[PDB]
Every structure is written in C-alpha cells, then in structure tokens.
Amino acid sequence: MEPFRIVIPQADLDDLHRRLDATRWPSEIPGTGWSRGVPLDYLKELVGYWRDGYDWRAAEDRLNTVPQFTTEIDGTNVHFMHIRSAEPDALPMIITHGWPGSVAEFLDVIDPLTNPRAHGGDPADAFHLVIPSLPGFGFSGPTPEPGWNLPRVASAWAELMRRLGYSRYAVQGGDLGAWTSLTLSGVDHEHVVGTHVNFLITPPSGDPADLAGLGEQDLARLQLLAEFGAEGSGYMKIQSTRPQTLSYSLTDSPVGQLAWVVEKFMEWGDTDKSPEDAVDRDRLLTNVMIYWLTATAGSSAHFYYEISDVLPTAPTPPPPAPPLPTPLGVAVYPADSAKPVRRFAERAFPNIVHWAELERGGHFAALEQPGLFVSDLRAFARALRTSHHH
C-alpha cells in the first residue's frame, strides 16, 4: 500500500517516435473496408496524429489527478486508483476493466460517481471507487507465475478491499471485468453486497426447446454470440493459446500494438465509419499508450490463456453453474458485441434488482457514454437500497 504516480521517462517517448517514424507498412487488398481488419488509410492517418498531435504529458497529468497506489497481493504487484466520495454514506464499489481496456476508460465517470453534488446528481447516490489494474495489465504489470485466472484475481481483489477497510462493497465491470466481478461475488460473498455488469453473455442450452417463444430481438442476441464465435474470436483464440508468440510483435511494434487494440474499438463500439465515432482519438491513444508504455500486450494476453477453459473459444463448454444469488444489476448497451437474453439471465441469476436497456453506446460504456453509465449506476445503487430494506 504505497502511493504511486505515473512518470514516463522522456527516453520512452523518444523511442516511441523513433519506431513510429520507421514504420514499415503492409500492402492491402483494396475494396475490403474494415472486413479483414484495420484499413491502411485509417491507420496511417491515426499514426500521423499519434506521432505529431497526441499529447501524452497531458494524458499523464490527467491520470495523475487520480490517487493511485501499488501493493503486493499473492505474489504480484497490484496497481489501483482509490477515490473517496465527497458524501458520507456512499456505496463502496470496485470497478474492473477488461481487454483491450484499462483504468483510463473511467476518467470521465469518476468525478460524477464520487461527487454527484458537483455534477447535478443526488448526494444520496454517491460511490467510493476502487479501480484496480488487472494483474498482467497496465501499471499492475506482468504476473510472475502461472495461475492468475478468474478466482485468483477475485481473491486478490477481496484482499485489496480488506486492506482498504471496506467490509461491504459492490462490484462492477464489463468485458473480462464483468466475469471477474461475477466470480468475486461468489468468492467474497460475505463482503459483496451487489453486482453490476454492463456485459453479460447468456449462451443457449443446445436444446432447441429453450428457444420456444423467444422474440426476434432475443434470437438476434443469440445469433450475435454465434457470429462472434465464427468471425470475431480470432484475437481470443491466439491469446488463449500462444500469447507469448504474439507478444513479440506487439511489444516491438507500436503500429502493430495500435492496430491490434483499435480494431476492437471499431467493432465493439457504437460506430459507423471510424472508432472515433464512439471514442475520440486522444482517448483511443491514451488507452493504447498504457499497453505500449508498460509493455503489457503479452502479459495481458496471458490472462486469456489462464482462463481458456471458461471462454467461448473453449473446446467444450464449462459445466452449467449453480445460480448466483448476488443482487444483480444488468446494463445492456445496444452496440455491444454480446447481449443477454433476459429469460436466460433470470434462470442463472435469481436476484436481479436492476435491468436496463440503454439507447446508445457499445462495449466500452463508461468511455463511450459516461452520462448514461453514471445515470445507470446511480439507478442500480438506488435499486440496491430499495431491495435491501423492502
């Protein structure tokens, strides 16, 4: 438990610009748009801005306005932001990012969540926030040994909240952070008072009977899963099997690191022509910079290998889980890469206290739609309070 500040040596930035200037670009097949990955023309334009335009020092300053700390847990370094609320009886909540994200995703929602009185919110709806970097990611950095899977991350987090003195807290996440949050609600069930996910997958049974009566939208959600498996799972299959092989090119090549990550902001964000439709280029590059500067493309990929058996890329599906009794909030963003079927969600989670279908935004909710994210999490906190005393 020691204070932490991001201080990037100028030498690292000079090296980055050296590499950018020396980029060797591939050929392309014309007329294929985004269908086979990041198009050449777009990436050239974004790289030009990255090299001459993007301001890391300002991003660095902004990140450093948030209190950060590091601490060692279960043999590994855990970096985390901790922002105390301006209001007494605030709900402690630990928010977890996923891949290819980072703690930078949450910069625009931290102040409205923790200080609602200064952002037109109700003081009754305040949060204390703990926002940790996943082991292997960003400023937490590489893990030293095998075995950092969902329950090991969850146990680390429970220990983090214990050290911080939160005996009662909620958990929140999207992407892999949602899976970690759901896992933690079981692992630390004595201390977790509620769970909110903005990403939820509900696979079908495989029995054509459980589809009876489902409407067009729910059937389309199931189709989205199948499409993801067929077409969108490439990154997941390679990171879950040979993350180290992949890591050499992503650690050596900043354009390669950028393409690898920015593709997902295009495909999973609420976009039309460009990833910048949903996330502006400074935020896009700041997130990529956290991967690049900490050189965590590979260590973050190893997470997928550790949890390969519970991914959709698993050979055989994991056995059906017993119901998770955690009071649950679900937020469904319309451009997300996967969306839950409520009938199926009701079976797996008997205590849903909050369900919202939002009007806009994709996979990176806090970053894409901070206003909606904040309003939704407040309504979840209100629903939690309501469900506990009635």
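One rule holds for the numbers: they count along the sequence shown, beginning at 1.
- Could you check which stretch, 252 to 260 or 184 to 192, carries the larger mean CA temperature factor in the entry? Averaging CA B-factors over each stretch, the winner is 184 to 192.
- Task: Between 106 to 114 and 84 to 92, point out the one with the higher average CA B-factor as the PDB entry records it.
- Result: Averaged over C-alpha atoms, the B-factors run higher in 84 to 92.
| message | Sorting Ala331, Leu324, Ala335, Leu46 by Cα temperature factor from the record, which one lands on top? | response | In the PDB entry, the greatest C-alpha B-factor among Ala331, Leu324, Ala335, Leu46 is found at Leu324.
Select one of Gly120, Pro275, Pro151, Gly232: the residue whose C-alpha shows the highest B-factor in the crystal structure entry.
Checking the PDB record, the top C-alpha B-factor among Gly120, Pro275, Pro151, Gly232 is at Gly120.
What third of its chain's C-alpha B-factors does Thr70 belong to: lowest, middle or highest?
For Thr70, whose C-alpha B-factor we compare with every modelled residue in the chain, the answer is the middle third.
**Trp50, C-alpha B-factor rank within chain (lowest, middle or highest third)** = Tercile = middle for this residue's CA B-factor.
- Sorting the chain's modelled residues by C-alpha B-factor, tell me whether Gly362 ends up in the lowest, middle or highest third. It belongs to the lowest third of the chain when residues are ordered by C-alpha B-factor.
- prompt: Within this chain, which third does the Cα B-factor at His302 fall in: lowest, middle or highest?
  reply: It belongs to the lowest third of the chain when residues are ordered by C-alpha B-factor.
Inset, instruction - Looking at the entry's B-factor column for C-alpha atoms only, identify whether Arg162 ranks in the lowest, middle or highest third of its chain. - result: Within its chain, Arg162 is a highest-third residue by C-alpha B-factor, going by the deposited values.
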